[PDB]
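# Survey of secondary and tertiary structure
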There are 2 protein chains.
Amino acid sequence: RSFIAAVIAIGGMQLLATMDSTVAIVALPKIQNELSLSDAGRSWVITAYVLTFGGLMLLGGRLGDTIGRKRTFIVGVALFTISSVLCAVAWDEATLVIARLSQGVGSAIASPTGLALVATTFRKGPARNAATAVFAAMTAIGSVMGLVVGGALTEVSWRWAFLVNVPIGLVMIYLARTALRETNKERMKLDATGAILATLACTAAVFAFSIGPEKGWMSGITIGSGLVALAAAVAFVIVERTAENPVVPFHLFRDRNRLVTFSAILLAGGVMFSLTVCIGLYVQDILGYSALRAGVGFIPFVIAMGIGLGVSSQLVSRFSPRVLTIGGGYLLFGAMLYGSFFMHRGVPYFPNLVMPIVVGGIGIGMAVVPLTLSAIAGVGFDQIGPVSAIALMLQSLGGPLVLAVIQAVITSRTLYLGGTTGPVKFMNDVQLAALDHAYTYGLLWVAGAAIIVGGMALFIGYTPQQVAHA
Amino acid sequence: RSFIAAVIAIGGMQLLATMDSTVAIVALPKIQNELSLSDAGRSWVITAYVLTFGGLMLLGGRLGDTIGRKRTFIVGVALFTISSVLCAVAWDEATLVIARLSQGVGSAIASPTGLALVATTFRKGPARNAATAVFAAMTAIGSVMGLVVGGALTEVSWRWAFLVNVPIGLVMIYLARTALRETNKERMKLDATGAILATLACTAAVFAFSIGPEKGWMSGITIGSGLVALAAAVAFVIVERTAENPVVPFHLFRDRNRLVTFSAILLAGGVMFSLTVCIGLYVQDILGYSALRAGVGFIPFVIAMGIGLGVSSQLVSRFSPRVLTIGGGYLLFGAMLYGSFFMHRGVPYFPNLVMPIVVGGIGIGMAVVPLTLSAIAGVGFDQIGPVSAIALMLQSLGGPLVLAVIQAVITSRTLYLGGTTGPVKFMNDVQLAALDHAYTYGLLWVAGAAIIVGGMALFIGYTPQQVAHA
Ligand SMILES: CCCCCCCCCCCCCCCCCC(=O)OC[C@H](COP(=O)(O)OC[C@H](O)CO)OC(=O)CCCCCCCCCCCCCCC
Ligand SMILES: CCCCCCCCCCCCCCCCCC(=O)OC[C@H](COP(=O)(O)OC[C@H](O)CO)OC(=O)CCCCCCCCCCCCCCC
Ligand SMILES: CC(C)CCC[C@@H](C)[C@H]1CC[C@H]2[C@@H]3CC=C4C[C@@H](OC(=O)CCC(=O)O)CC[C@]4(C)[C@H]3CC[C@]12C
Ligand SMILES: CC(C)CCC[C@@H](C)[C@H]1CC[C@H]2[C@@H]3CC=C4C[C@@H](OC(=O)CCC(=O)O)CC[C@]4(C)[C@H]3CC[C@]12C
Ligand SMILES: CC(C)=C[C@H]1[C@H](C(=O)Nc2ccc(-c3ncccn3)c(Br)n2)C1(C)C
Ligand SMILES: CC(C)=C[C@H]1[C@H](C(=O)Nc2ccc(-c3ncccn3)c(Br)n2)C1(C)C
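Residues numbered from 1 in each chain as written, not as in the entry; some residues may be left out. Chains lettered and ligands numbered in written order. Heavy atoms only, no water.

Structure determination for this entry, per the PDB record, employed cryo-EM and reached 3.45 Å resolution.

Per UniProt, chain A has the following entry under Subcellular location: "Cell membrane". According to the UniProt record, the Sequence similarities comment for chain A is "Belongs to the major facilitator superfamily." (UniProt positions renumbered as here; feature names shortened; annotations may be inferred.)

Take a look at the structure:
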């Protein structure tokens with residue numbers, strides 16, 4: 001009863017953050033009709049969360065070492081819960097932007113500490129292997145359960161959708177309080193100069209990337225904010241050399257296989273993120289299931305992924321992470337190919353749409369566990385903080401980058417086959433068929449990116465003794 | 001009975017050609033002990049057969065039209081059969097070389113006509129699909145049965161090995177005589193100047209490549225012969241513009257998907273060729289099975305190959321060649337990955353060495369049939385001759401090229417891990433472990449080549465209406 005309570009508490013922020021993002025996206029169209037925030041404000045509610053979530057993410061990595069990882073986890077989750085309540089009672093656009101800024105700060109504080117708690121709370125061995133599976137298992141639960149909740153309690157009001165996090169947030173705080181123990185180690189002085197430059201460099205980069213399309217890539221404020229990011233980034237590296245308790249220990253990333261493992265997650269995260277966002281759009285637009293039905297139809301993915309994580313936790317003590325990652329990705333590669341050849345509009349559900357999802361889910365579940373274990377292997381307690389933060393940012397950073405390329409490919413072929421750029425509802429059913437074949441074509445590009453991840457995963461070379469089995 | 005006799009007769013030369021090459025390589029060591037032809041003579045017996053087999057191949061494409069395909073086939077097999085008897089009673093080195101040269105001339109005339117008879121004898125539809133399966137099926141039966149025969153009666157004398165072709169050749173001549181019909185059409189005059197230059201251009205290039213390693217790549221005769229090959233090639237193309245009944249119709253090869261198809265066969269043949277040669281060497285040297293046991297152990301591959309060919313023949317009329325080629329290659333890709341990870345020395349036979357061979361066999365069987373059908377699609381009768389000849393040359397030419405790269409990689413890593421270059425009988429059993437890991441490392445390189453074939457097979461774009469089902 002103490003072990004199940006501990007694992008659930010550590011992964012709580014993963015469930016909340018993933019679920020919040022899915023619920024926010026689903027409710028965007030209805031927020032217009034009530035607040036009337038125009039198209040410009042449509043994207044600000046989304047970028048507002050990401051502006052502070054990514055800008056302050058590396059600050060939260062080192063924050064646990066100077067304050068305490070348990071007291072940082074509770075504070076991060078508590079602030080996130082309070083922000084949801086405020087977000088649900090926003091009377092104008094202004095209140096909603098500040099409400100979303102607060103959520104990003106709360107997620108930035110807690111998300112890196114959640115992964116760092118896995119390494120320190122559980123000793124290396126079977127305990128850590130099971131904890132990692134539960135950590136990754138409920139990241140997918142939040143995504144699917146968001147679709148069900150967001151698509152169900154949205155025909156009454158969008159405000160109630162944001163209130164669903166309060167019952168969940170309260171439980172995780174209670175479990176974390178009554179299941180986690182505070183380590184008795186002396187606190188470490190925070191890196192002042194290195195931290196401010198890192199926060200200023202990351203936030204400026206995200207602002208310029210987000211505002212670029214709105215104002216144009218060469219507007220003047222886009223590259224104008226890009227200049228600050230480069231100046232901030234440059235200064236950050238120089239003062240890191242003579243930094244005590246470094247925010248980013250660059251010396252820790254040498255020509256060894258640490259770069260390979262951290263490069264795989266960056267591109268692997270991009271493949272995963274672009275795969276869910278495209279599949280979600282395809283189901284809603286081309287097949288027209290709607291939000292509630294799509295969420296219920298993806299329940300087998302969670303069950304299928306649960307099997308993959310459960311099996312991989314046992315095998316990770318006997319096979320190296322190299323073979324498991326390749327073995328898991330081999331099943332996923334077959335799933336994408338089948339969906340790229342026999343996935344036209346009008347097919348039934350159980351024969352055609354369920355099987356590739358189930359097989360794809362098992363393949364992903366098998367490969368997630370070995371990668372996470374090797375990312376936090378052979379670090380220690382005085383550098384697990386920053387290393388955990390770097391692992392998650394690369395996973396999050398790879399999402400938008402790969403997705404941008406895929407969406408560009410989708411649009412280009414839509415016009416080639418005969419198509420129109422705009423809302424799907426105004427389509428003559430011959431332009432729609434072009435959109436259907438554009439999405440199927442894009443699935444080949446995602447598969448191509450998966451091959452690169454597999455190829456670069458052959459260089460990892462970790463043995464099962466190091467990552468686990470101790 | 002009539003149909004069965006026709007398909008067997010047409011594919012006869014594939015069985016003989018593949019069996020003869022496998023038997024010759026096995027009996028090379030003893031030909032030294034009796035004839036005493038020295039190390040220099042070791043390669044002339046092999047290169048003699050390939051010098052004329054590749055030199056005269058393009059002349060045999062257009063021979064069928066000027067005299068007749070049935071008569072050309074019988075003449076080609078007959079001269080091959082007579083040469084084997086003369087090869088079996090060679091007095092010394094000299095008599096053996098002319099014995100091997102004659103076999104190459106006979107196989108050059110009959111092999112291109114064998115594939116042409118498939119297109120012109122069976123109308124497009126289920127008949128052709130079945131005929132294509134048998135044509136590719138007996139290529140593997142000859143390969144495996146060569147090892148058994150070459151390892152079974154090699155302990156008494158190498159002269160009995162070459163006489164095994166005589167009983168098989170005599171049956172195939174009888175079947176072709178009483179099962180194939182002579183076509184009643186007017187003959188087309190043979191291209192004198194174009195044919196002569198092509199034989200000179202191709203023969204000189206093969207000679208230069210073969211003798212280069214012996215005398216060095218910059219000896220003077222190596223590049224000296226290469227100049228003659230280049231001079232012949234340019235003269236061949238210039239005259240070929242104003243040629244009647246052209247030997248090589250370049251105009252037939254345009255930017256359409258014929259180049260993509262013919263490019264895949266060139267590289268696909270290399271992957272297939274390098275896979276059997278390397279696997280045979282690994283089995284004999286590392287596992288120490290011996291020739292007879294290796295031949296008997298590869299029987300499941302033939303049965304697995306037969307199942308893949310049979311299934312693909314039925315599916316080719318419902319699914320395009322693009323998906324079948326990818327589907328078959330996907331199974332093979334998994335088989336080679338498994339071998340690259342769990343194929344150390346001393347593993348048992350049934351669980352480890354059989355299953356990857358069986359799975360790989362089905363993958364290859366599925367992919368060859370769609371590729372063969374698409375290679376002879378949309379051609380006609382007045383140009384089937386040269387097109388079939390080009391298909392075989394590209395398949396055979398891709399073998400040595402890809403194999404040379406793979407062998408260099410295996411040799412380089414053997415020294416890296418600690419080993420020696422030389423006979424495998426004088427290794428320390430620590431130097432042999434390095435060789436074992438080198439072979440499995442090379443298998444990944446073959447997988448890299450296989451991926452490129454799949455990537456370039458996505459551009460085929462033939463519908464099932466064109467290649468079959470008509
Ligand atoms: C990486 C390790 C790092 C460790 C560093 C530390 C961190 C460790 C944890 C990592 C967690 C990653 C796993 C989570 C996966 C995310 C996806 C998910 O949990 O949820 C499922 C999602 C449903 O979508 P959602 O509802 O989430 O969408 C939201 C929209 O925003 C709403 O609109 O996707 C899928 O089902 C995946 C199926 C894939 C199978 C292959 C496809 C076959 C083809 C079928 C036809 C499709 C058309 C063709 C193709 C176009
Ligand atoms: C494309 C056509 C276009 C149309 C053009 C028209 C023409 C069409 C013809 C197409 C030809 C294809 C069929 C014939 C294939 C021939 C291969 C064969 O039927 O024969 C078995 C062979 C063994 O070779 P042999 O014994 O014959 O060689 C003897 C040496 O010569 C002695 O010196 O291959 C295999 O076993 C297959 C292996 C597949 C699975 C992958 C391996 C898994 C790992 C296992 C452990 C190995 C060690 C690790 C790896 C190192
Ligand atoms: C006529 C149709 C059927 C052909 C369409 C398929 C090919 C043109 C696709 C198949 C695989 C694709 C490749 C698959 C993967 C990649 C990885 C991708 O690599 C990345 O750098 C990821 C993006 C990034 O993070 O920058 C670049 C494109 C490329 C080479 C793709 C190029 C286009 C290819 C060859
Ligand atoms: C050191 C260990 C732990 C890693 C294994 C080495 C990998 C880094 C190798 C294995 C697969 C290799 C690739 C496999 C295949 C190719 C195709 C190869 O292209 C050809 O095969 C051309 C053949 C021809 O001449 O026609 C070029 C190298 C490349 C990219 C290889 C690059 C190096 C890779 C990734
Ligand atoms: C050269 C080579 C042998 C490539 C391997 C590719 C692969 O499948 N590579 C792979 C392996 C794992 C993951 C993954 N999937 C989800 C989450 C995290 N990682 C991914 Br995208 N791709 C294939 C099976 C073709
Ligand atoms: C980009 C992409 C989707 C690649 C496909 C590769 C493939 O598997 N490609 C392939 C397909 C067929 C054959 C074959 N095999 C034997 C005889 C004839 N053809 C071969 Br070598 N490779 C994989 C399954 C990774």
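## Observations concerning the overall build of chain A
A tally of regular secondary structure across chain A gives 20 helices and zero strands. The C-alpha atoms of chain A give 22 Å as radius of gyration, which agrees with the globular expectation for 470 residues (23 Å, within 12%). Taken along the three principal axes of its C-alpha coordinates, chain A extends 65 × 50 × 45 Å. Partitioning the contacts of chain A with sequence separation of at least 6, the portion at a separation of at least 24 is 84%. As displayed, chain A has an accessible area near 21100 Å², and 69% of this comes from carbon and sulfur atoms. Put simply, chain A has 28 plus and 18 minus side-chain charges, and the middle of one group is 11 Å from the middle of the other. (Helix = DSSP H or I, 4+ residues; strand = E, 2+ residues; numbered from the N terminus. Rg over C-alpha atoms; globule rule 2.2 N^0.38 Å. Contact = heavy atoms within 4.5 Å. Areas by Shrake-Rupley, 256 points an atom, 1.4 Å probe, with all protein chains shown as cover. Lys, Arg positive; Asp, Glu negative; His and termini not counted. Charge placed at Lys NZ, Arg CZ, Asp CG, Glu CD.)

## With respect to the nonpolar core
If you look at the biggest cluster of nonpolar residues, it comprises 171 residues, and the most contacted ones within it are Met13(A), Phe73(A) and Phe262(A). For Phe73(A), the residues in contact, after removing those within four places along its chain, are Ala9(A), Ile10(A), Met13(A), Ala110(A), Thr113(A), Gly114(A), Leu117(A) and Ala176(A). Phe80(B), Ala195(B), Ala201(B) and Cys202(B) belong to the second-largest nonpolar core, a separate cluster that totals 56 residues. (Core = buried A, V, L, I, M, F, W, Y, C linked by side-chain atoms within 4.5 Å. Buried < 20%, exposed > 50% of the residue type's maximum accessible area, 1.4 Å probe, protein only.)

## Some details on the interface of chain A and chain B
In this assembly, 12 residues from chain A lie in contact with 12 residues from chain B. The junction of chain A with chain B conceals about 1100 Å² of combined surface from both sides, 86% of it contributed by carbon and sulfur atoms. At the boundary of chain A with chain B, the tally comes to zero salt bridges. Run the count over chain A and chain B and you get one residue pair in polar contact. Looking at the side of chain A that touches chain B, its residues break down into 10 nonpolar, one polar and one charged. (Buried area = accessible area lost by both parts, 1.4 Å probe. Salt bridge = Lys/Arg side-chain N within 4 Å of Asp/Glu carboxyl O. Polar contact = N/O pair within 3.5 Å; in protein donor to acceptor, adjacent residues only side chain to side chain. Nonpolar A, V, L, I, M, F, W, Y, C, P; charged D, E, K, R; others polar.)

## Section: the site of ligand 6
Residue and element names in this part refer to chain B. Within the structure, ligand 6 sits among 14 residues, and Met272, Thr325, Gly329, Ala450 and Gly454 are positioned closest to it. One nitrogen or oxygen atom from the main chain of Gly329 is found 3.2 Å from an oxygen atom belonging to ligand 6. Note that a nitrogen atom of ligand 6 is positioned 3.2 Å from one of the backbone N or O atoms of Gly454. For the shell around ligand 6, the elements supplying multiple residues, two or more each, are α17 (321–339), α18 (349–375) and α20 (431–457). Broken down by element, the shell around ligand 6 gets its largest block of residues, five residues, from α20. (Near = heavy atom within 4 Å.)

## What to know about the domain arrangement of chain A
All names here are of chain A. Along its sequence, chain A is organised into domain 1 (1–191) and domain 2 (248–470). Just the C-alpha atoms count here: the centres of domain 1 and domain 2 sit 22 Å apart. In this assembly, 33 residues from domain 1 lie in contact with 37 residues from domain 2. Buried area between domain 1 and domain 2, summed over both chains or domains, comes out near 2900 Å², and the portion from carbon and sulfur atoms is 77%. Interface area lost by domain 1 to domain 2 is led by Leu115, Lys124 and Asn129, which between them contribute 20%. Counting the contacts that link domain 1 with domain 2 gives zero salt bridges. (Domains from an automatic or database assignment.)

## Overview of the relation of the copies chain A and chain B
Screw-axis analysis of chain A against chain B gives a translation of 0.3 Å along the axis, an RMSD of 0.2 Å, and a rotation angle of 180°. In symmetry terms, the pair is related by a two-fold rotation axis. When you check the interface residues of chain A against chain B, 100% turn up at the interface there too, and the contact is symmetric in its surfaces. (Least-squares fit on C-alpha atoms.)

## What about a nonpolar patch on the surface?
All names here are of chain A. On the surface, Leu230, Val234, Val237, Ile238, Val239 and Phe250 cluster together into a nonpolar patch covering about 520 Å² of accessible area. Tracing the backbone shows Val239 in helix α12 (residues 222–241). Exposure remark for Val239: the relative accessible area of 37% places this residue in the partly exposed category. (Patch = residues over 30% accessible without salt bridge, like charges linked within 9 Å, V, L, I, M, F, W, Y side chains within 5 Å.)

## Describing the packing of helix α13 (residues 258–287) of chain A against helix α18 (residues 384–416) of chain A
All names here are of chain A. At their nearest, the axes of α13 and α18 sit 6 Å apart, and the two run at 50° to each other. Regarding the angle of α13 to α18, the classification is oblique. Note that α13 runs across α18; the crossing there is right-handed. Between α13 and α18, the residues in contact are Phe262, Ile265, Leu266, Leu267, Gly269, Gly270, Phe273, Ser274, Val277, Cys278 and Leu281 and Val387, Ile390, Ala391, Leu394, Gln395, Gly398, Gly399, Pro400, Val402, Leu403, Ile406 and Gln407, respectively. Looking at the contact of α13 with α18 residue by residue, the classes come out as 16 nonpolar, seven polar and no charged. (Axes fitted to C-alpha atoms, helices over the stretch in contact; angles between N-to-C directions. Parallel < 35°, antiparallel > 145°, perpendicular 65-115°, else oblique. Left-handed = near helix turned anticlockwise from the far one by under 90°.)

## Regarding the pattern of salt bridges
All names here are of chain A. For the coordinates displayed, the defined rule picks out 12 salt bridges over all chains. Residues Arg62 and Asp65 are paired through a salt bridge, measuring 2.7 Å at the closest nitrogen-oxygen approach. With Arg62 and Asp65 both in helix α5 (residues 57–67), this residue pair falls three residues apart, about one helical turn. You can call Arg62 buried: its relative accessible area is 6%. For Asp65, a relative accessible area of 8% translates into the label buried. Note that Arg187 is salt-bridged to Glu182, the shortest N-O span being 3.5 Å. Linked by salt bridges that have partners in common, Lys30, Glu34 and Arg159 make up one network.

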